[PDB]
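Undergrad: For reference, the structure I am asking about is given below.
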Amino acid sequence: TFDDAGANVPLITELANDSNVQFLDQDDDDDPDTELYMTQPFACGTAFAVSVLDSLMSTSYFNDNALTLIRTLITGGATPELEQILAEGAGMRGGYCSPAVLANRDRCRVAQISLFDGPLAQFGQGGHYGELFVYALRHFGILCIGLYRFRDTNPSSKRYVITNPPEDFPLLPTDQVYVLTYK
Amino acid sequence: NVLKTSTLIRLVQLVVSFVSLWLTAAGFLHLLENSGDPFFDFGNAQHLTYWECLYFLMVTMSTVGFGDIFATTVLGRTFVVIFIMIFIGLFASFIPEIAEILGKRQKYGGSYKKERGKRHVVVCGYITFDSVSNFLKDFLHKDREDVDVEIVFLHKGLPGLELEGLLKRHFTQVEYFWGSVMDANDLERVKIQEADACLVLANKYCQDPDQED
Ligand SMILES: [Ca+2]
Ligand SMILES: [Mg+2]
């Protein structure tokens with residue numbers, strides 16, 4: 001508890017053993033036969049464990065480029081040139097950099113935006129995800145990939161993630177949108 | 001995809017391989033004794049039923065060997081010599097392995113049947129003849145007020161023979177279940193939402209009290 005709290009602190013925990021996820025949260029309805037990806041702490045983005053990564057082996061075989069996509073995003077841009085430089089063992093070499101290489105400072109980033117205020121709030125006020133998607137892409141080049149919605153819509157600050165909703169999926173003014181963006 | 005568990009796979013492979021080998025061997029001996037020896041112009045023959053062969057092969061598998069029935073054709077006797085060398089090893093390894101598999105099933109399974117007006121207490125952690133006997137001797141002591149609380153032990157172990165005795169001597173008011181408070185299904189089996197309290201005991205004599213805590 002904090003003076004001018006508690007469950008409102010944003011947490012993510014790595015778990016060494018997936019079945020321990022049941023202890024990580026309350027108001028939860030635990031069941032040891034449920035696999036990690038269906039559990040509330042994973043669905044809320046509060047838990048992580050190495051087991052969800054294992055099909056990176058199979059996807060690495062079926063489409064190499066898709067494994068490079070995820071990397072450019074999750075690493076923030078670690079190209080094989082940086083991996084080569086680090087493999088020389090001299091540490092990460094750096095300094096002031098030329099405008100020719102510094103052009104790469106406009107990578108695309110994964111960002112999160114709120115429908116509570118600003119130009120998109122018109123869609124949060126009872127619009128649909130497909131209206132929001134087409135509008136944001138057209139006006140801003142912002143490409144929407146999902147939502148982060150409160151679980152208790154009627155209490156807690158928990159939110160769940162909805163990858164790629166239908167075109168006619170209803171929005172709430174409290175939703176946050178996962179987006180790809182350049183600024 | 002109906003054999004989902006390695007012990008149950010092993011059980012069905014053992015039983016079916018044993019039964020099919022016994023049944024086929026009985027059929028081969030039945031052919032040999034009833035047909036008779038070919039080099040004696042089939043004159044040397046012995047009319048066993050299939051069921052007499054099946055019985056006789058079990059009686060020789062197990063090395064009992066009554067000799068109420070026996071093979072008398074030369075092909076019968078040579079088959080019985082070959083059968084003895086093979087099937088003694090089969091029977092003498094099958095019977096122990098089936099006794100292990102059928103011995104593996106948990107004794108103290110099931111769930112607490114909550115009575116209409118009795119309070120209960122769930123007890124777990126360090127459960128042993130010593131910790132339980134010192135616990136029950138005080139918790140049920142005659143100098144306490146007369147209250148009909150039931151005790152429900154929840155622990156991973158099978159109770160030892162001294163503890164099984166103690167559980168039977170208190171049968172009316174002490175109950176024991178195999179399980180762990182680490183599993184929500186075991187917490188439901190003991191109906192812990194309807195208990196007064198959970199008591200968690202400690203191994204005071206462990207190698208590492210930080211590990212035990
Ligand atoms: Ca939980
Ligand atoms: Mg009772």
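For the structure tokens, the naming scheme is as follows: chains receive sequential letters (A, B, ...) according to their order of presentation, residues are indexed from 1 within each chain, and ligands are indexed from 1 in presentation order.
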Which residues are close to range 159-166 of chain A, i.e. within 8 Å by only C-alpha atoms, leaving aside same-chain residues fewer than 3 positions away? Reply as a ChimeraX atom specification.
TA: /A:43-45,129-130,145-151,169
Undergrad: Using only C-alpha atoms and all ligand atoms, find each residue of chain B with at least one atom at most 12 Å away from an atom of ligand 1; report its shortest atom-to-atom pair and that distance in Å (one decimal), sort the rows by chain and rising residue number, and return the result as a tab-separated table.
TA:
residue	atom	partner	partner_atom_place_in_ligand_line	distance
B:182	CA	ligand 1	1 (Ca)	11.5
B:183	CA	ligand 1	1 (Ca)	11.2
B:184	CA	ligand 1	1 (Ca)	9.5
Undergrad: I need the residues from that last selection saved to file as an mmCIF file, in the first residue's frame (with C-alpha atoms), if you can.
TA:
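Dumped to selection.cif:
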data_model
loop_
_atom_site.group_PDB
_atom_site.id
_atom_site.type_symbol
_atom_site.label_atom_id
_atom_site.label_comp_id
_atom_site.auth_asym_id
_atom_site.auth_seq_id
_atom_site.Cartn_x
_atom_site.Cartn_y
_atom_site.Cartn_z
ATOM 1 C CA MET B 182 -0.706 -27.845 -3.883
ATOM 2 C CA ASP B 183 -3.522 -29.269 -6.124
ATOM 3 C CA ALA B 184 -6.911 -27.496 -6.318
#
Undergrad: Which residues of chain A sit at most 9 Å from chain B, using only C-alpha atoms? Give each one's shortest atom pair and distance in Å (one decimal place), in chain and ascending residue order, as CSV.
TA:
residue,atom,partner,partner_atom,distance
A:30,CA,B:184,CA,7.1
A:31,CA,B:184,CA,6.9
A:32,CA,B:183,CA,7.4
Undergrad: Residues of the last selection are to be written out with C-alpha atoms, as a PDB file, in the first residue's frame.
TA:
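Below you can see again_22.pdb, which holds the result:
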ATOM      1  CA  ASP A  30      -7.560 -22.407 -11.252  1.00  0.00           C
ATOM      2  CA  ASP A  31      -7.412 -25.845 -12.952  1.00  0.00           C
ATOM      3  CA  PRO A  32      -4.139 -27.864 -13.360  1.00  0.00           C
TER       4      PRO A  32
END
Undergrad: Any idea what's packed within 6 Å of range 12-21 of chain A, counting only C-alpha atoms, ignoring anything in its chain fewer than 6 positions away? Could you give it as a list in words?
TA: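 Result of the neighbour search: residues 46, 47, 48 and 49 of chain A.
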Undergrad: For residue 29 in chain B, which of B:158, B:74, B:85, B:163 is the closest residue, counting only C-alpha atoms?
TA: B:74
Undergrad: Counting only C-alpha atoms and all ligand atoms, what are the residues, protein, DNA or RNA alike, that approach ligand 2 to within 8 Å? I want them as a PyMOL selection string.
TA: chain B and resi 112-115+118+150+172-175
Undergrad: Based on the selection just made, write N, CA and C atoms of those residues as a PDB file, in the first residue's frame.
TA:
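The result, written out as again-v8.pdb:
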ATOM      1  N   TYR B 112     -14.010 -36.389   0.987  1.00  0.00           N
ATOM      2  CA  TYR B 112     -14.682 -36.241   2.269  1.00  0.00           C
ATOM      3  C   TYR B 112     -16.186 -35.991   2.101  1.00  0.00           C
ATOM      4  N   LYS B 113     -17.043 -36.842   2.671  1.00  0.00           N
ATOM      5  CA  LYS B 113     -18.497 -36.650   2.652  1.00  0.00           C
ATOM      6  C   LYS B 113     -18.917 -35.813   3.855  1.00  0.00           C
ATOM      7  N   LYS B 114     -19.107 -34.516   3.633  1.00  0.00           N
ATOM      8  CA  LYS B 114     -19.430 -33.512   4.655  1.00  0.00           C
ATOM      9  C   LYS B 114     -20.789 -33.772   5.314  1.00  0.00           C
ATOM     10  N   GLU B 115     -20.817 -34.126   6.598  1.00  0.00           N
ATOM     11  CA  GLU B 115     -22.060 -34.347   7.349  1.00  0.00           C
ATOM     12  C   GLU B 115     -22.858 -33.054   7.601  1.00  0.00           C
ATOM     13  N   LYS B 118     -21.506 -31.143  11.340  1.00  0.00           N
ATOM     14  CA  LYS B 118     -20.187 -31.338  11.961  1.00  0.00           C
ATOM     15  C   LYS B 118     -19.180 -30.390  11.332  1.00  0.00           C
ATOM     16  N   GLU B 150     -14.388 -32.987  13.162  1.00  0.00           N
ATOM     17  CA  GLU B 150     -13.662 -34.047  12.458  1.00  0.00           C
ATOM     18  C   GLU B 150     -12.315 -33.566  11.930  1.00  0.00           C
ATOM     19  N   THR B 172     -14.117 -43.048  13.637  1.00  0.00           N
ATOM     20  CA  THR B 172     -15.345 -42.253  13.744  1.00  0.00           C
ATOM     21  C   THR B 172     -15.156 -40.759  13.451  1.00  0.00           C
ATOM     22  N   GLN B 173     -13.960 -40.202  13.664  1.00  0.00           N
ATOM     23  CA  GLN B 173     -13.728 -38.751  13.670  1.00  0.00           C
ATOM     24  C   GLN B 173     -12.442 -38.301  12.978  1.00  0.00           C
ATOM     25  N   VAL B 174     -11.555 -39.217  12.609  1.00  0.00           N
ATOM     26  CA  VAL B 174     -10.352 -38.934  11.827  1.00  0.00           C
ATOM     27  C   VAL B 174     -10.454 -39.612  10.474  1.00  0.00           C
ATOM     28  N   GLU B 175     -10.218 -38.875   9.398  1.00  0.00           N
ATOM     29  CA  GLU B 175     -10.198 -39.396   8.032  1.00  0.00           C
ATOM     30  C   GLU B 175      -8.905 -38.989   7.333  1.00  0.00           C
TER      31      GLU B 175
END
